[PDB]
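Note: the block below is query04.csv and it holds CSV, C-alpha atoms.
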```csv
chain,number,residue,atom,x,y,z
V,1,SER,CA,158.9,42.0,199.3
V,2,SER,CA,156.7,39.3,197.8
V,3,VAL,CA,156.1,35.9,199.3
V,4,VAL,CA,157.9,33.2,197.1
V,5,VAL,CA,155.3,30.7,195.8
V,6,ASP,CA,155.6,27.1,194.7
V,7,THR,CA,154.1,25.6,191.5
V,8,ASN,CA,150.8,25.2,193.4
V,9,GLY,CA,150.7,28.9,194.4
V,10,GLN,CA,151.4,28.1,198.0
V,11,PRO,CA,154.1,30.1,200.0
V,12,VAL,CA,157.5,28.3,200.0
V,13,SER,CA,158.2,27.2,203.6
V,14,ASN,CA,161.2,28.4,205.7
V,15,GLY,CA,163.3,25.2,206.0
V,16,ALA,CA,160.3,22.8,206.8
V,17,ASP,CA,159.6,21.5,203.3
V,18,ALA,CA,161.9,20.6,200.5
V,19,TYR,CA,161.4,21.8,196.8
V,20,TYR,CA,162.6,20.9,193.4
V,21,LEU,CA,164.1,23.8,191.4
V,22,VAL,CA,162.8,22.9,187.9
V,23,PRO,CA,164.4,24.8,185.0
V,24,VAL,CA,161.9,26.6,182.7
V,25,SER,CA,164.2,26.1,179.6
V,26,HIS,CA,167.3,23.8,179.3
V,27,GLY,CA,164.8,21.1,178.4
V,28,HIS,CA,164.3,18.6,181.3
V,29,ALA,CA,167.1,18.7,183.8
V,30,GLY,CA,167.4,18.5,187.6
V,31,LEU,CA,169.9,19.5,190.3
V,32,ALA,CA,172.8,17.1,190.8
V,33,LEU,CA,176.4,17.1,192.3
V,34,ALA,CA,179.3,16.7,189.9
V,35,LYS,CA,183.1,17.0,190.0
V,36,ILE,CA,184.6,20.1,188.3
V,37,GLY,CA,187.6,18.1,187.0
V,38,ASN,CA,190.0,16.7,189.5
V,39,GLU,CA,188.4,16.5,193.0
V,40,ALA,CA,187.7,13.1,194.6
V,41,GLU,CA,184.1,13.9,195.6
V,42,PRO,CA,181.3,15.5,193.5
V,43,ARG,CA,180.5,18.9,195.3
V,44,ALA,CA,179.8,21.2,192.4
V,45,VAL,CA,176.0,21.9,191.9
V,46,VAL,CA,174.9,21.2,188.3
V,47,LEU,CA,171.8,21.0,186.2
V,48,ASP,CA,171.8,17.5,184.7
V,49,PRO,CA,169.4,16.2,182.0
V,50,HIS,CA,169.9,12.7,183.5
V,51,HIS,CA,168.7,13.6,187.0
V,52,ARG,CA,165.0,14.6,186.9
V,53,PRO,CA,163.4,15.8,189.3
V,54,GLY,CA,166.8,16.0,191.0
V,55,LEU,CA,168.0,16.8,194.5
V,56,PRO,CA,165.4,18.8,196.2
V,57,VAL,CA,166.4,21.8,198.3
V,58,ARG,CA,165.3,23.7,201.5
V,59,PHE,CA,165.4,27.5,201.7
V,60,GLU,CA,166.4,28.8,205.2
V,61,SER,CA,166.2,32.1,206.9
V,62,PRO,CA,167.0,32.7,210.6
V,63,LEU,CA,163.9,35.0,210.8
V,64,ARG,CA,161.1,33.5,213.0
V,65,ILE,CA,158.6,33.4,210.1
V,66,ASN,CA,157.6,30.0,208.6
V,67,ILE,CA,157.5,31.3,204.9
V,68,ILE,CA,160.1,32.8,202.5
V,69,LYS,CA,160.0,36.3,200.8
V,70,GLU,CA,162.1,37.6,198.0
V,71,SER,CA,163.7,40.1,200.4
V,72,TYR,CA,165.2,37.4,202.8
V,73,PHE,CA,168.8,36.3,202.6
V,74,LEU,CA,168.8,32.5,202.4
V,75,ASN,CA,170.8,29.5,202.9
V,76,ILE,CA,169.9,26.9,200.3
V,77,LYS,CA,170.8,23.2,201.0
V,78,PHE,CA,170.4,19.7,199.9
V,79,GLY,CA,169.3,17.1,202.5
V,80,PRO,CA,167.5,17.5,205.8
V,81,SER,CA,167.3,20.6,207.9
V,82,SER,CA,169.2,18.6,210.7
V,83,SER,CA,172.2,17.8,208.5
V,84,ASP,CA,175.3,20.1,208.4
V,85,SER,CA,176.2,19.1,204.8
V,86,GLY,CA,174.6,20.0,201.5
V,87,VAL,CA,174.8,23.8,202.2
V,88,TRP,CA,175.3,25.8,199.1
V,89,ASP,CA,178.2,28.3,198.9
V,90,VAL,CA,179.9,30.3,196.1
V,91,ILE,CA,183.6,29.3,195.7
V,92,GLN,CA,186.2,30.5,193.4
V,93,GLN,CA,187.1,27.5,191.1
V,94,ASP,CA,189.4,28.0,188.2
V,95,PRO,CA,187.4,26.5,185.2
V,96,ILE,CA,183.9,27.9,186.3
V,97,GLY,CA,184.8,31.3,187.9
V,98,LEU,CA,182.5,31.5,191.0
V,99,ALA,CA,180.9,28.0,191.2
V,100,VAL,CA,178.0,27.0,193.4
V,101,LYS,CA,179.2,24.1,195.6
V,102,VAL,CA,178.1,22.2,198.6
V,103,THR,CA,179.8,22.8,202.0
V,104,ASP,CA,179.2,21.7,205.6
V,105,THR,CA,179.0,25.0,207.3
V,106,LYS,CA,176.5,27.9,207.1
V,107,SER,CA,176.6,31.5,208.1
V,108,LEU,CA,173.7,33.1,210.1
V,109,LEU,CA,172.5,34.8,206.9
V,110,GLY,CA,173.1,32.9,203.7
V,111,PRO,CA,174.5,34.2,200.4
V,112,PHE,CA,171.3,34.0,198.3
V,113,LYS,CA,167.9,35.5,197.5
V,114,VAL,CA,165.2,34.1,195.4
V,115,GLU,CA,163.9,36.7,193.1
V,116,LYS,CA,161.0,36.8,190.5
V,117,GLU,CA,162.4,36.5,186.9
V,118,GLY,CA,160.4,35.9,183.8
V,119,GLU,CA,158.0,32.9,184.1
V,120,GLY,CA,159.5,31.8,187.4
V,121,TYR,CA,162.4,32.7,189.8
V,122,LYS,CA,166.1,33.1,189.8
V,123,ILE,CA,168.7,32.6,192.5
V,124,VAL,CA,170.8,35.8,193.2
V,125,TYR,CA,174.1,35.8,195.0
V,126,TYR,CA,175.1,38.7,197.3
V,127,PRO,CA,178.9,39.3,197.9
V,128,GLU,CA,177.7,42.1,200.3
V,129,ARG,CA,174.4,42.4,202.0
V,130,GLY,CA,174.0,46.1,201.3
V,131,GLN,CA,174.7,46.1,197.6
V,132,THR,CA,173.1,44.7,194.4
V,133,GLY,CA,173.5,40.9,193.9
V,134,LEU,CA,174.8,38.8,190.9
V,135,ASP,CA,172.6,36.4,189.0
V,136,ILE,CA,173.2,32.6,189.2
V,137,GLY,CA,173.3,31.1,185.7
V,138,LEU,CA,175.0,28.1,184.0
V,139,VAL,CA,178.6,27.6,182.9
V,140,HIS,CA,179.0,24.9,180.3
V,141,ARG,CA,182.3,22.9,180.7
V,142,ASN,CA,183.5,19.4,180.6
V,143,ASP,CA,180.1,17.9,179.6
V,144,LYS,CA,178.3,19.6,182.5
V,145,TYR,CA,176.1,22.7,183.3
V,146,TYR,CA,177.5,24.2,186.4
V,147,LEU,CA,175.5,26.5,188.6
V,148,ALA,CA,177.8,29.6,188.7
V,149,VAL,CA,177.7,33.4,189.0
V,150,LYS,CA,176.8,34.8,185.5
V,151,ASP,CA,175.2,38.3,186.0
V,152,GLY,CA,172.6,39.1,183.3
V,153,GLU,CA,172.1,35.4,182.3
V,154,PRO,CA,170.1,33.9,185.2
V,155,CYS,CA,168.9,30.3,185.2
V,156,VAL,CA,165.0,30.6,185.7
V,157,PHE,CA,163.3,27.9,187.8
V,158,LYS,CA,159.8,27.2,189.1
V,159,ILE,CA,159.7,25.7,192.6
V,160,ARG,CA,157.9,22.4,193.0
V,161,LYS,CA,157.1,21.2,196.5
V,162,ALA,CA,158.7,17.7,196.9
V,163,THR,CA,155.6,16.9,198.8
```
Kindly return the structure encoded in the file as C-alpha cells.
Amino acid sequence: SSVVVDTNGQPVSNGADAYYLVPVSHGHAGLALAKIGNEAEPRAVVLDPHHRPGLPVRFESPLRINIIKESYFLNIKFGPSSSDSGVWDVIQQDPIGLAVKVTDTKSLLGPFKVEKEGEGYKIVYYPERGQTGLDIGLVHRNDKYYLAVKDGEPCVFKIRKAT
C-alpha cells in the first residue's frame, strides 16, 4: 500500500516527526483534549475551532522502516516519542459511543490505519486486524466535536509536518 504523504508531498515519518491533522471541512479547527462530561481530566480527543493548528501527532509502527504506509497498523499519540502518555485508544463512553481518548499504554500494533479519503486522509479503527475497519468521524455533544467511531462518515484531514 501507498506511502502516506504530508502537505508538502513528503513521506510521513514513522514516529520521528510530529504532524498536525488539519480538517479539510469543519472550517478551521485543530486537535485538542476535552472532558466528555464528568471526568476530572480532559482525555477525550476533539476537533476544536479554538485550537488551531492544535496538538500535533506522531504515527508509530514497530516495523523497522522510517516512513508510514496506508497498510501499517499505527499507534497515534500526542507528545514526544519518549513519553508513555498521549497514546490514542478507542474506549466505550456512554454519550459518544466509541470515543477516541488518550491513554498511557500502547499495544505492539496500534488500533489505527491512515487511509486515503477524498482530498486527504481519514483515520480508520480496526477492532480486529484481519477484518475491515471502521471510520473515525465526529460526534457532536455538549458543545464539542468528539473524534469517535462513525463508519461511513469519516473526518478527512491533510497531514501538515509540525516542522
Restrict the calculation to only C-alpha atoms, then for each residue of segment 30-130 of chain V with any atom at most 9 Å from an atom of segment 3-6 of chain V give the closest atom pair and their distance in Å to one decimal, rows by chain and rising residue number, as CSV.
```
residue,atom,partner,partner_atom,distance
V:67,CA,V:3,CA,7.4
V:68,CA,V:4,CA,5.8
V:69,CA,V:3,CA,4.2
V:70,CA,V:4,CA,6.1
V:71,CA,V:3,CA,8.8
V:114,CA,V:4,CA,7.5
V:115,CA,V:4,CA,8.0
V:116,CA,V:4,CA,8.1
V:121,CA,V:4,CA,8.6
```
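Residue nearest residue 72 of chain V, chosen from V:16, V:29, V:42, V:59 and counting all atoms listed in the file: V:59.
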Original post:
atom CA of residue 158 of chain V and atom CA of residue 47 of chain V, how far apart in Å?
Top reply: 13.8 Å
Residues within 12 Å of (169.1, 24.5, 196.0), file coordinates, counting all atoms listed in the file: what are they? Give the list as a JSON list (two decimals) with C-alpha atoms, keeping the file's coordinate frame.
```json
[["chain", "number", "residue", "atom", "x", "y", "z"],
["V", 15, "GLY", "CA", 163.30, 25.20, 206.00],
["V", 18, "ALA", "CA", 161.90, 20.60, 200.50],
["V", 19, "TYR", "CA", 161.40, 21.80, 196.80],
["V", 20, "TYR", "CA", 162.60, 20.90, 193.40],
["V", 21, "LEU", "CA", 164.10, 23.80, 191.40],
["V", 22, "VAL", "CA", 162.80, 22.90, 187.90],
["V", 23, "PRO", "CA", 164.40, 24.80, 185.00],
["V", 30, "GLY", "CA", 167.40, 18.50, 187.60],
["V", 31, "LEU", "CA", 169.90, 19.50, 190.30],
["V", 32, "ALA", "CA", 172.80, 17.10, 190.80],
["V", 33, "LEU", "CA", 176.40, 17.10, 192.30],
["V", 44, "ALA", "CA", 179.80, 21.20, 192.40],
["V", 45, "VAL", "CA", 176.00, 21.90, 191.90],
["V", 46, "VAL", "CA", 174.90, 21.20, 188.30],
["V", 47, "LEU", "CA", 171.80, 21.00, 186.20],
["V", 54, "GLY", "CA", 166.80, 16.00, 191.00],
["V", 55, "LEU", "CA", 168.00, 16.80, 194.50],
["V", 56, "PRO", "CA", 165.40, 18.80, 196.20],
["V", 57, "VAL", "CA", 166.40, 21.80, 198.30],
["V", 58, "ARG", "CA", 165.30, 23.70, 201.50],
["V", 59, "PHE", "CA", 165.40, 27.50, 201.70],
["V", 60, "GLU", "CA", 166.40, 28.80, 205.20],
["V", 74, "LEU", "CA", 168.80, 32.50, 202.40],
["V", 75, "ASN", "CA", 170.80, 29.50, 202.90],
["V", 76, "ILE", "CA", 169.90, 26.90, 200.30],
["V", 77, "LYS", "CA", 170.80, 23.20, 201.00],
["V", 78, "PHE", "CA", 170.40, 19.70, 199.90],
["V", 79, "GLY", "CA", 169.30, 17.10, 202.50],
["V", 86, "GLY", "CA", 174.60, 20.00, 201.50],
["V", 87, "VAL", "CA", 174.80, 23.80, 202.20],
["V", 88, "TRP", "CA", 175.30, 25.80, 199.10],
["V", 89, "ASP", "CA", 178.20, 28.30, 198.90],
["V", 100, "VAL", "CA", 178.00, 27.00, 193.40],
["V", 101, "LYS", "CA", 179.20, 24.10, 195.60],
["V", 102, "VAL", "CA", 178.10, 22.20, 198.60],
["V", 111, "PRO", "CA", 174.50, 34.20, 200.40],
["V", 112, "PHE", "CA", 171.30, 34.00, 198.30],
["V", 113, "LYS", "CA", 167.90, 35.50, 197.50],
["V", 114, "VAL", "CA", 165.20, 34.10, 195.40],
["V", 122, "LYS", "CA", 166.10, 33.10, 189.80],
["V", 123, "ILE", "CA", 168.70, 32.60, 192.50],
["V", 124, "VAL", "CA", 170.80, 35.80, 193.20],
["V", 136, "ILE", "CA", 173.20, 32.60, 189.20],
["V", 147, "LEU", "CA", 175.50, 26.50, 188.60],
["V", 157, "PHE", "CA", 163.30, 27.90, 187.80],
["V", 158, "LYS", "CA", 159.80, 27.20, 189.10],
["V", 159, "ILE", "CA", 159.70, 25.70, 192.60],
["V", 160, "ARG", "CA", 157.90, 22.40, 193.00]]
```
**OP:** List every protein, DNA or RNA residue that has at least one atom no more than 8 Å from (172.0, 29.5, 184.7) in the file's coordinates, counting all atoms listed in the file, and write the result as JSON, numbers by chain.
**Re:** {"V": [136, 137, 138, 139, 146, 147, 148, 150, 153, 154, 155, 156]}
Save the residues we just selected, C-alpha atoms, as a PDB file, keeping the file's coordinate frame?
```
ATOM      1  CA  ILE V 136     173.200  32.600 189.200  1.00  0.00           C
ATOM      2  CA  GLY V 137     173.300  31.100 185.700  1.00  0.00           C
ATOM      3  CA  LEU V 138     175.000  28.100 184.000  1.00  0.00           C
ATOM      4  CA  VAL V 139     178.600  27.600 182.900  1.00  0.00           C
ATOM      5  CA  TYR V 146     177.500  24.200 186.400  1.00  0.00           C
ATOM      6  CA  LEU V 147     175.500  26.500 188.600  1.00  0.00           C
ATOM      7  CA  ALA V 148     177.800  29.600 188.700  1.00  0.00           C
ATOM      8  CA  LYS V 150     176.800  34.800 185.500  1.00  0.00           C
ATOM      9  CA  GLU V 153     172.100  35.400 182.300  1.00  0.00           C
ATOM     10  CA  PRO V 154     170.100  33.900 185.200  1.00  0.00           C
ATOM     11  CA  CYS V 155     168.900  30.300 185.200  1.00  0.00           C
ATOM     12  CA  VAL V 156     165.000  30.600 185.700  1.00  0.00           C
TER      13      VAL V 156
END
```
Original post:
What does the distance between atom CA of residue 8 of chain V and atom CA of residue 161 of chain V come to in Å, to one decimal place?
Top reply: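 Atom-to-atom, atom CA of residue 8 of chain V and atom CA of residue 161 of chain V are spaced 8.1 Å apart.
Each of V:163, V:81, V:38, V:92 was compared to residue 142 of chain V using all atoms listed in the file, and V:38 turns out to be the nearest.
Shortest atom-to-atom contact with residue 126 of chain V among V:109, V:97, V:66, V:34: V:109, counting only C-alpha atoms.
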Original post:
For residue 125 of chain V, which residue among V:99, V:80, V:35, V:140 is the nearest when counting all atoms listed in the file?
Top reply: V:99
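Our summary of the geometry notes that atom CA of residue 12 of chain V is positioned 23.6 Å from atom CA of residue 48 of chain V.
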**OP:** Identify which of the residues V:144, V:152, V:132, V:13 lies closest to residue 64 of chain V, counting only C-alpha atoms when measuring atom-to-atom distances.
**Re:** V:13
